[PDB]
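Considered here are two forms of the same protein chain, supplied as structure tokens in two stand-alone entries, structure 1 and structure 2.
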Structure 1
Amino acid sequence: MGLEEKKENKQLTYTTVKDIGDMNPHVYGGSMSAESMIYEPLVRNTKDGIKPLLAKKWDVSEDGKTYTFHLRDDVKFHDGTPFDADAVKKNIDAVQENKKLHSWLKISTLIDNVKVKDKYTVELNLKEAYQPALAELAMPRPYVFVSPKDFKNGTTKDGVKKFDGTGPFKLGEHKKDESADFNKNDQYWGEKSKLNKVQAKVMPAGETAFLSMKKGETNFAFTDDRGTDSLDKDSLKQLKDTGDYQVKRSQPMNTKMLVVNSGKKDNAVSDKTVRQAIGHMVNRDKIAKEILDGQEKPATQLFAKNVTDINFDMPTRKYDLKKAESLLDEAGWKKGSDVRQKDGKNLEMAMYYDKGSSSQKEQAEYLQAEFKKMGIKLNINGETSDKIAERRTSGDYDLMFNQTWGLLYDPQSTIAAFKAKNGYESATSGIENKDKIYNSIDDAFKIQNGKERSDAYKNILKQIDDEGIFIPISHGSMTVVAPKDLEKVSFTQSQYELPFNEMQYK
């Protein structure tokens, strides 16, 4: 039934641990790959650089503050209404009404106004010139376009009425926490999909997602926008051994790391000395080789040198238990017993991991047992990726697993996120010199000479590394399980989308 019924209907159903969330692409809770299926930006950012999309040609003034966009005249939203310069203006205006939500993306701080020149010409006026503007208008959020007809009283910051975009699929039926359909858009202006329907199906990871893939109740799987893979290696081995599934892994795209909350004045992780101690207690070589079964390489710094503007080797603290012990002694956390104490309190920490990531869970369990030998009670907590993200915002954590944001985002956007409420500001909020460091991040984004810019990033990361906020563990990639007879599965530069409209023969 399952796998052939879905080939006959030209259908993917993919397994995921979480629902698609709030499909308003002007905010950030909704699934990134889902939103990349229905919404589109003016321009896209390929490996060849900027390529036209909803804007076909565009002009740039000499002073660099005015961008003129000539728009396709053959684009309609999923509700019928036309995409035109007016539509572009209302969208960008609605986003800038809520620009506090977006300050991690510098372009939102410089957008002065949007002006309609005529039916299909729209003019973007900035307050300074800024060459990443094209790059940031190509991001999947927030500068993508929703049918103005769905605006709430001309606004999007407080939600939308329907979720109508210009993409190759349209949102169909969606059962909260159960499923969401992505029906082929027959009116799509560009490369029309060959699949009739991609459906998200929500279910726990582990055996229950493996079995559903084996029956063909789902036939597809990819690591989600929080880096969670619903199928571990052995499940991939068995799914390959059916002769029914293929598996593709992308180039490395990110660094997975432990995030340490310098702001949690509650806990010893607000003490720099302790942060430097535990940064010596993470045996990344053995994690990458035994815990992750060789599927990821160890990461020694936060951004690998294949990353733009990273031109330095800056290896972080190595696994060294003797250094760890002396730093904890220096901080007042002595061994009484093997447990470590200070002012009549045992050294405890609360660590958080995605309960849907089997690899985060096993890493959390390995670290718990390692930390016990040091005298630290590591209390580990398995939660949804969405609860992890909110702790990341509220700061209510001591340690958590996370990862960098990938090839389109590292290092510049991730580093900006060091000071963003919806980024990693909670974790850096306890650094004494955070004012200087935060101002360096704003300044580094102004430097045009690459080497002196690369040095600005280097000095920033050097201090962040010395503060022990981020313990890099391994380099993650994008993994896709797909029917063996499904063609044209490839990767973009983003870990947050897949060319669903290109895949074929199933």
Structure 2
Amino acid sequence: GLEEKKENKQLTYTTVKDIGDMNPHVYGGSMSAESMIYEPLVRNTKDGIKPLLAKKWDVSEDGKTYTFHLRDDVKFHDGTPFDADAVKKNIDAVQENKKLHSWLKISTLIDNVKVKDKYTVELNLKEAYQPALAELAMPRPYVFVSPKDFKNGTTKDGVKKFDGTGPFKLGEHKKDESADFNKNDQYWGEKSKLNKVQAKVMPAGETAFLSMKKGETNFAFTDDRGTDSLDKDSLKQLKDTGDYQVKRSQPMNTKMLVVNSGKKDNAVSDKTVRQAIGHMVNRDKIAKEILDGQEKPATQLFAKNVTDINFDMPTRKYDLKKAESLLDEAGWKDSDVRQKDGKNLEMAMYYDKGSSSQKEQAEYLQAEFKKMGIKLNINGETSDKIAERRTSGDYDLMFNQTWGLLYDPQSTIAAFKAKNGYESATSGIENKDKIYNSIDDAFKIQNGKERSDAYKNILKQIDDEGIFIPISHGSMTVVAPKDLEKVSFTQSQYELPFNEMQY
């Protein structure tokens, strides 16, 4: 059963959903699937940026000229050659649709692009952005689909077939059932060692645990929405059968409480209380006793594996006697409860109800807080009303996350001052205008060490503020056969090195 997929050198993984629109210049497809069959110009790796498809590249100073010298012998999956034009028509087509890509700064900061010869391509920016290469490195949108396939020279809207550059070719697609990714034999680089990777659509929990148990599936990894098909116990049981190993990646993000400097109605505008509460979230107890060792506790905003974050910056430790002074020191003072100017001390916490862990920790803090005289309202909502509640600034406290390894720290820092990021919380602070500019300017700084300290200085202030109280580090969890080796993680909560895996 499970042994017969080792003999065909094959992974069939359980997922909760169809792979979707495999157009990589649009946001329907499954991110992990798209990385199997398409490629960017440069790979972003745990250990910095590396070549791939663009063997070497120059960067000008004024910081607006990426010149990419392309590996030649790469070949599209239909049999169109890959050269320097193909890249230009790709990027143009993506950039015709700037509208839905404009969450990604490089899409905005672009002027145009031109082909220097059959294997050389210049990219020109409206202004400097050191991160460009990282955003270029994402499996969408900046990835390559054959000429033959466009629809009247366009891609957004749609594309004829899904021919890319990657180590796997796309085979049968049974909408909501199964999707076959078949070893590419005209792959240029590190060719796949598995013949096939198959997605097999089914629900999380019991039906997935069974499939896995019987070798109907034999692989499982966290999907592009953070959804994991097997729970804690179900993993032990898998492990327990002796046919499975379970791996976990480095941190892929930072789950955190967001605290609203912006709302003058509430004490939450007052810096003294923000820091008071910065000492009231027992990271370690929560991390072990609510999340059951499954995530590590997070003592700062971007863990040390995030690009350019080369520093410790331990945010405030759990300590209620430091917290209790700060609270008196901001006003809030018969029996155990707080009070300033008559109004008792209350806060409105919101969270996403579609995750139990968020409710459990939401409620755990209602307890901690009660004991200390404050009262929290704990209101679980649909992920959309949280997102919409974020932007509108309509909260005291609300759980949330960093964008993750693929995007960070660029995106989560930019987010500190974007309409639909945490601009709402950032706002209510002294030097907001300084800090907001430190940020625009930090992304320009080319010297790796300058930018690194740039970022350090920004975040020291934002930590100074207790806008964000970190709690834990989400990780991706992979379940693989015991005798499958070479399973690694990368700078992404979406991609895995299927080409590189082996029995």
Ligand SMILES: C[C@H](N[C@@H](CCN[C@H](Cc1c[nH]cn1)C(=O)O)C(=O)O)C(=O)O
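Here, residue number means position along structure 1's sequence, counting from 1.
- Only structure 2 comes from the form solved without the named molecule.
- Treating the motion between structures 1 and 2 as two rigid pieces, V198 shares its piece with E5.
- When the larger rigid part is held fixed by C-alpha fitting, the smaller one turns through 36 degrees between structures 1 and 2.
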